[PDB]
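Considered here are two forms of the same protein chain, supplied as structure tokens in two stand-alone entries, structure 1 and structure 2.
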Structure 1
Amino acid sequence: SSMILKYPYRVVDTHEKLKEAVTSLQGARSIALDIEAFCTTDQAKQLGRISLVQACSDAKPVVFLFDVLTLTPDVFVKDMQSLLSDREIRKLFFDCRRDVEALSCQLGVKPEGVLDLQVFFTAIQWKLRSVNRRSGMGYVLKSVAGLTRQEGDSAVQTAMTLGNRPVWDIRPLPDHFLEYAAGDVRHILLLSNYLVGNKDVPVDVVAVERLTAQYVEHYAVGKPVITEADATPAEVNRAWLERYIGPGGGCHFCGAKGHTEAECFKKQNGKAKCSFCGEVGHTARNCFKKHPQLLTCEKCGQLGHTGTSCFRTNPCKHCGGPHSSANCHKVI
């Protein structure tokens, strides 16, 4: 469960350690994947030189950080490509577009059995509301598992937002660099426990597998991708969503796309609300405070209150004391 967040990382930077890592991963049924690369000075959308490939599987409580820079891609691909090509081992990404491009351009591999969970989350939004926006990991984690992505406030994350520096070319990598890189794959695997194999999720995993497969075909072409599959970087192709996920949903109460019945303001406003006692749920014509005759009492025979409320709550007419007005010693 949330034990995933406590998986230690392990730097894989030698051939011995690489072979040991591959052994573990090969028994996996799912492997979360992510890539850290040199930042680019330019305006190209392509990831820079691959530095780390991070992997976290359900086969071992450990995050492997493959130092692809030290190992070299040739060493790394020779041991990893069969596993990356194994469609019986699910590969979990969070937004796979540029990562898959880099795997294709820089490593010459194209993964199989890929499932993009950002695309999964948007698929759920599309089915329920006809929303095709991509959400960041921060938003999705907080929304699905109530956790705060605190790595977005870390020094590493700001160093890239500045963009002045490759960042990921330093060797040896500082501890908070590695811990930062481990968190991304930890979040991906943790997230898959909420989305994959959950009967309360309104989209079939296989359908999102088929939609993701379109993204991999579009982005793994051995060259940089000039034409993007989506109209803007932060959304998912609506025609693909329509083909693979189905017609987009909307509000069964008012009719509008963009929200569900449970979010509809028109439902919560048009609700019956009492002009006399303020309570929501009844009009004033049926209010018990305004018309106490609608309540005969179970234990005393007075109109206005049930059995669950036969106590005297209003203080004395005469002195304000803890009793009723008729029995005040000033009038009696």
Structure 2
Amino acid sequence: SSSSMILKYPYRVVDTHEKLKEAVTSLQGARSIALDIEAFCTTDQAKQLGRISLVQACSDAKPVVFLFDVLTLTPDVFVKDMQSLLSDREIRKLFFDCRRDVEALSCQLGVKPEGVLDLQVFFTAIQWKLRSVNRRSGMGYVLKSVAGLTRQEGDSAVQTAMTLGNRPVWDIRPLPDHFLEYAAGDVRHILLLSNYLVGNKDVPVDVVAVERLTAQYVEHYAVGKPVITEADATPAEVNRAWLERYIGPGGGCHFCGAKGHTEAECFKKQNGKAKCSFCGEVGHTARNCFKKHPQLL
């Protein structure tokens, strides 16, 4: 439905003060805003993101993806007109793994967003409530599991340069079209995921619970300085004590009792179903098969 139109939103480069005011007015009338950051690649390959180059934004108020050129605009100009927007708790800010992004917004821009919802944490919260799984999943896994969508391939020229790590990559101006298109991809996927995860009676976790859980991550990573102690035991998981407090106890399989999978995924329940040895059907045994014993039918 409306999820199909999200991925065909075109990008608008915002690199002037007039384009910045036109974008702020549009984002002001929004209810949710998907956010992402493209930063300079760091030779140290350390935790903290590099110098912010682009901030990507995609809201439900307009069919467009704003690419704020923070490098050209300078952080000071970009912050002066985006601060209250990011500080407005009445507008939901959507992220996929907000940790290093919130750290960069705090360290480099001096802003701490309000009303944040981390859709990667949202997915892990579902995995925790159903399977007692606290691992974090990548964007593609979440897109396939939640929306049944296989995202298109990222441009390998941009992907190799970023994995290579010799250069800032995102310092060049103007940016090629395949860099601009690469940068606008994540915010489209993020806003799409919110339609499947927010306002859904089939989602077993309340949004307010994941909002409270995300606010803890923001408080931990928006401290106006580089974060040293990570909130999670490993980078690819979610703090279990935070899951127990905000989401509740972890779940498991109602059939066999084991954690890590649900009843629909249980091998033992599937292997234990009666399978007719005479006609192959699942559901009955040979002693009750009408095909083998027509005296029953």
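Each residue is numbered by where it sits in the sequence of structure 1, with counting from 1. We call the rigid core whatever largest set of C-alpha positions still superposes within 1.5 Å between the two forms.
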* Structure fact -> Just one entry of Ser85, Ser154, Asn193, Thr260 has its C-alpha move 2 Å or more between structures 1 and 2 under rigid core superposition, and it is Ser154
* Asked: Relative to the superposed rigid core, does the CA atom of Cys287 travel 2 Å or more between structures 1 and 2?
  -> yes
* Asked: Against the rigid core, is the Cα displacement of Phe38 between structures 1 and 2 at least 2 Å?
  -> no
* To do: Please check if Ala59 moves between structures 1 and 2, taking a CA shift of 2 Å or more relative to the superposed core as movement.
  => no
* **Distance the CA of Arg210 travels between structures 1 and 2 [rigid core superposed, Å]** => 0.1
* Upon rigid core superposition, what is the positional shift of the Cα of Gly278 between structures 1 and 2, expressed in Å to one decimal? -> 3.0
